[PDB]
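Have a look at data25.pdb; it's PDB, N, CA and C atoms:
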ATOM      1  N   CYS K   1      93.370 -76.645  19.308  1.00  0.00           N
ATOM      2  CA  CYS K   1      94.048 -75.748  20.287  1.00  0.00           C
ATOM      3  C   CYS K   1      93.048 -75.318  21.361  1.00  0.00           C
ATOM      4  N   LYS K   2      93.531 -74.825  22.468  1.00  0.00           N
ATOM      5  CA  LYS K   2      92.611 -74.398  23.557  1.00  0.00           C
ATOM      6  C   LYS K   2      92.360 -72.892  23.470  1.00  0.00           C
ATOM      7  N   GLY K   3      91.330 -72.423  24.119  1.00  0.00           N
ATOM      8  CA  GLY K   3      91.023 -70.966  24.092  1.00  0.00           C
ATOM      9  C   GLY K   3      91.371 -70.357  25.451  1.00  0.00           C
ATOM     10  N   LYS K   4      91.522 -69.063  25.517  1.00  0.00           N
ATOM     11  CA  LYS K   4      91.866 -68.424  26.817  1.00  0.00           C
ATOM     12  C   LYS K   4      91.021 -69.034  27.933  1.00  0.00           C
ATOM     13  N   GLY K   5      91.464 -68.891  29.149  1.00  0.00           N
ATOM     14  CA  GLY K   5      90.704 -69.457  30.303  1.00  0.00           C
ATOM     15  C   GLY K   5      90.527 -70.968  30.129  1.00  0.00           C
ATOM     16  N   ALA K   6      91.230 -71.563  29.201  1.00  0.00           N
ATOM     17  CA  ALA K   6      91.101 -73.034  28.984  1.00  0.00           C
ATOM     18  C   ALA K   6      91.919 -73.806  30.021  1.00  0.00           C
ATOM     19  N   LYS K   7      92.308 -73.166  31.085  1.00  0.00           N
ATOM     20  CA  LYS K   7      93.102 -73.854  32.129  1.00  0.00           C
ATOM     21  C   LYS K   7      94.368 -74.457  31.526  1.00  0.00           C
ATOM     22  N   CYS K   8      95.372 -74.637  32.336  1.00  0.00           N
ATOM     23  CA  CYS K   8      96.645 -75.219  31.833  1.00  0.00           C
ATOM     24  C   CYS K   8      97.664 -75.283  32.974  1.00  0.00           C
ATOM     25  N   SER K   9      98.923 -75.127  32.670  1.00  0.00           N
ATOM     26  CA  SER K   9      99.959 -75.182  33.739  1.00  0.00           C
ATOM     27  C   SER K   9     100.984 -74.063  33.513  1.00  0.00           C
ATOM     28  N   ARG K  10     102.238 -74.324  33.772  1.00  0.00           N
ATOM     29  CA  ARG K  10     103.273 -73.275  33.569  1.00  0.00           C
ATOM     30  C   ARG K  10     104.182 -73.686  32.410  1.00  0.00           C
ATOM     31  N   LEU K  11     103.956 -73.125  31.252  1.00  0.00           N
ATOM     32  CA  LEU K  11     104.790 -73.463  30.062  1.00  0.00           C
ATOM     33  C   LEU K  11     104.256 -74.735  29.396  1.00  0.00           C
ATOM     34  N   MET K  12     103.185 -74.620  28.659  1.00  0.00           N
ATOM     35  CA  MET K  12     102.613 -75.812  27.971  1.00  0.00           C
ATOM     36  C   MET K  12     102.495 -75.508  26.475  1.00  0.00           C
ATOM     37  N   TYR K  13     102.089 -74.312  26.141  1.00  0.00           N
ATOM     38  CA  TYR K  13     101.967 -73.921  24.706  1.00  0.00           C
ATOM     39  C   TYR K  13     100.792 -74.645  24.040  1.00  0.00           C
ATOM     40  N   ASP K  14      99.623 -74.567  24.618  1.00  0.00           N
ATOM     41  CA  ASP K  14      98.440 -75.229  23.994  1.00  0.00           C
ATOM     42  C   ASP K  14      97.421 -74.154  23.617  1.00  0.00           C
ATOM     43  N   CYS K  15      97.474 -73.027  24.272  1.00  0.00           N
ATOM     44  CA  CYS K  15      96.516 -71.933  23.956  1.00  0.00           C
ATOM     45  C   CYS K  15      96.517 -71.672  22.459  1.00  0.00           C
ATOM     46  N   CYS K  16      95.362 -71.699  21.876  1.00  0.00           N
ATOM     47  CA  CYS K  16      95.246 -71.458  20.420  1.00  0.00           C
ATOM     48  C   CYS K  16      95.825 -70.083  20.078  1.00  0.00           C
ATOM     49  N   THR K  17      95.800 -69.168  21.009  1.00  0.00           N
ATOM     50  CA  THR K  17      96.353 -67.811  20.735  1.00  0.00           C
ATOM     51  C   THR K  17      96.797 -67.160  22.048  1.00  0.00           C
ATOM     52  N   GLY K  18      97.911 -67.578  22.588  1.00  0.00           N
ATOM     53  CA  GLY K  18      98.388 -66.971  23.865  1.00  0.00           C
ATOM     54  C   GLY K  18      99.174 -68.009  24.671  1.00  0.00           C
ATOM     55  N   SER K  19      99.441 -67.727  25.920  1.00  0.00           N
ATOM     56  CA  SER K  19     100.203 -68.695  26.758  1.00  0.00           C
ATOM     57  C   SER K  19      99.432 -68.978  28.051  1.00  0.00           C
ATOM     58  N   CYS K  20     100.083 -69.552  29.028  1.00  0.00           N
ATOM     59  CA  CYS K  20      99.388 -69.863  30.310  1.00  0.00           C
ATOM     60  C   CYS K  20      99.281 -68.600  31.172  1.00  0.00           C
ATOM     61  N   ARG K  21      98.086 -68.151  31.434  1.00  0.00           N
ATOM     62  CA  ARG K  21      97.908 -66.939  32.273  1.00  0.00           C
ATOM     63  C   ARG K  21      97.201 -67.319  33.574  1.00  0.00           C
ATOM     64  N   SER K  22      97.868 -67.162  34.679  1.00  0.00           N
ATOM     65  CA  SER K  22      97.244 -67.506  35.989  1.00  0.00           C
ATOM     66  C   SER K  22      96.991 -69.016  36.073  1.00  0.00           C
ATOM     67  N   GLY K  23      97.846 -69.810  35.487  1.00  0.00           N
ATOM     68  CA  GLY K  23      97.652 -71.289  35.547  1.00  0.00           C
ATOM     69  C   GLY K  23      96.701 -71.741  34.438  1.00  0.00           C
ATOM     70  N   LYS K  24      96.046 -70.823  33.787  1.00  0.00           N
ATOM     71  CA  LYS K  24      95.109 -71.215  32.698  1.00  0.00           C
ATOM     72  C   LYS K  24      95.623 -70.673  31.368  1.00  0.00           C
ATOM     73  N   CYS K  25      94.877 -70.847  30.316  1.00  0.00           N
ATOM     74  CA  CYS K  25      95.330 -70.332  28.993  1.00  0.00           C
ATOM     75  C   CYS K  25      95.185 -68.810  28.962  1.00  0.00           C
TER
END
Would you mind writing the file out in structure tokens?
Amino acid sequence: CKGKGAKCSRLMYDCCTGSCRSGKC
């Protein structure tokens, strides 16, 4: 899983503990 600030998109669900914040985890 990814960690916060792990970058991402809008609605991906990869953050090990959280969602996409500001385009990132």
Point-to-point distance from CA of residue 23 in chain K to atom C of residue 4 in chain K, Å rounded to tenths: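 Distance reported for this atom pair: 10.3 Å.
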Ref. answer, residues at most 8 Å from (95.7, -71.7, 30.0) with only C-alpha atoms, as number ranges by chain: K: 2-9, 14-15, 19-25
Per-residue DSSP, chain K, filtered to strand (DSSP E or B), as a VMD selection string: chain K and resid 2 15 21 24
Atomic separation - atom N of residue 1 in chain K relative to atom N of residue 13 in chain K, Å: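 Separation between atom N of residue 13 in chain K and atom N of residue 1 in chain K: 11.3 Å.
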Residue completion, range 8-25 of chain K, N, CA, C and O atoms, as a CSV table (one decimal), in the coordinates of the input:
chain,number,residue,atom,x,y,z
K,8,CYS,N,95.4,-74.6,32.3
K,8,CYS,CA,96.6,-75.2,31.8
K,8,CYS,C,97.7,-75.3,33.0
K,8,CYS,O,97.3,-75.5,34.1
K,9,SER,N,98.9,-75.1,32.7
K,9,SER,CA,100.0,-75.2,33.7
K,9,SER,C,101.0,-74.1,33.5
K,9,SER,O,100.6,-73.0,33.1
K,10,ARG,N,102.2,-74.3,33.8
K,10,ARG,CA,103.3,-73.3,33.6
K,10,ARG,C,104.2,-73.7,32.4
K,10,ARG,O,105.1,-74.5,32.6
K,11,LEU,N,104.0,-73.1,31.3
K,11,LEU,CA,104.8,-73.5,30.1
K,11,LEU,C,104.3,-74.7,29.4
K,11,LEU,O,104.8,-75.8,29.5
K,12,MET,N,103.2,-74.6,28.7
K,12,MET,CA,102.6,-75.8,28.0
K,12,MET,C,102.5,-75.5,26.5
K,12,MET,O,102.8,-76.3,25.6
K,13,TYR,N,102.1,-74.3,26.1
K,13,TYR,CA,102.0,-73.9,24.7
K,13,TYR,C,100.8,-74.6,24.0
K,13,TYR,O,100.9,-75.3,23.0
K,14,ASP,N,99.6,-74.6,24.6
K,14,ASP,CA,98.4,-75.2,24.0
K,14,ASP,C,97.4,-74.2,23.6
K,14,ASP,O,96.6,-74.3,22.7
K,15,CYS,N,97.5,-73.0,24.3
K,15,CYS,CA,96.5,-71.9,24.0
K,15,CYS,C,96.5,-71.7,22.5
K,15,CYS,O,97.5,-71.5,21.8
K,16,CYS,N,95.4,-71.7,21.9
K,16,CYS,CA,95.2,-71.5,20.4
K,16,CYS,C,95.8,-70.1,20.1
K,16,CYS,O,96.3,-69.9,19.0
K,17,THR,N,95.8,-69.2,21.0
K,17,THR,CA,96.4,-67.8,20.7
K,17,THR,C,96.8,-67.2,22.0
K,17,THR,O,96.1,-66.3,22.6
K,18,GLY,N,97.9,-67.6,22.6
K,18,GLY,CA,98.4,-67.0,23.9
K,18,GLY,C,99.2,-68.0,24.7
K,18,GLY,O,99.5,-69.1,24.2
K,19,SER,N,99.4,-67.7,25.9
K,19,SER,CA,100.2,-68.7,26.8
K,19,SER,C,99.4,-69.0,28.1
K,19,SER,O,98.3,-68.7,28.2
K,20,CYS,N,100.1,-69.6,29.0
K,20,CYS,CA,99.4,-69.9,30.3
K,20,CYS,C,99.3,-68.6,31.2
K,20,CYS,O,100.3,-68.0,31.6
K,21,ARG,N,98.1,-68.2,31.4
K,21,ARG,CA,97.9,-66.9,32.3
K,21,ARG,C,97.2,-67.3,33.6
K,21,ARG,O,96.1,-67.7,33.6
K,22,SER,N,97.9,-67.2,34.7
K,22,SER,CA,97.2,-67.5,36.0
K,22,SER,C,97.0,-69.0,36.1
K,22,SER,O,96.0,-69.5,36.7
K,23,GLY,N,97.8,-69.8,35.5
K,23,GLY,CA,97.7,-71.3,35.5
K,23,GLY,C,96.7,-71.7,34.4
K,23,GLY,O,96.6,-72.9,34.2
K,24,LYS,N,96.0,-70.8,33.8
K,24,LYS,CA,95.1,-71.2,32.7
K,24,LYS,C,95.6,-70.7,31.4
K,24,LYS,O,96.7,-70.1,31.3
K,25,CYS,N,94.9,-70.8,30.3
K,25,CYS,CA,95.3,-70.3,29.0
K,25,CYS,C,95.2,-68.8,29.0
K,25,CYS,O,94.6,-68.2,29.9
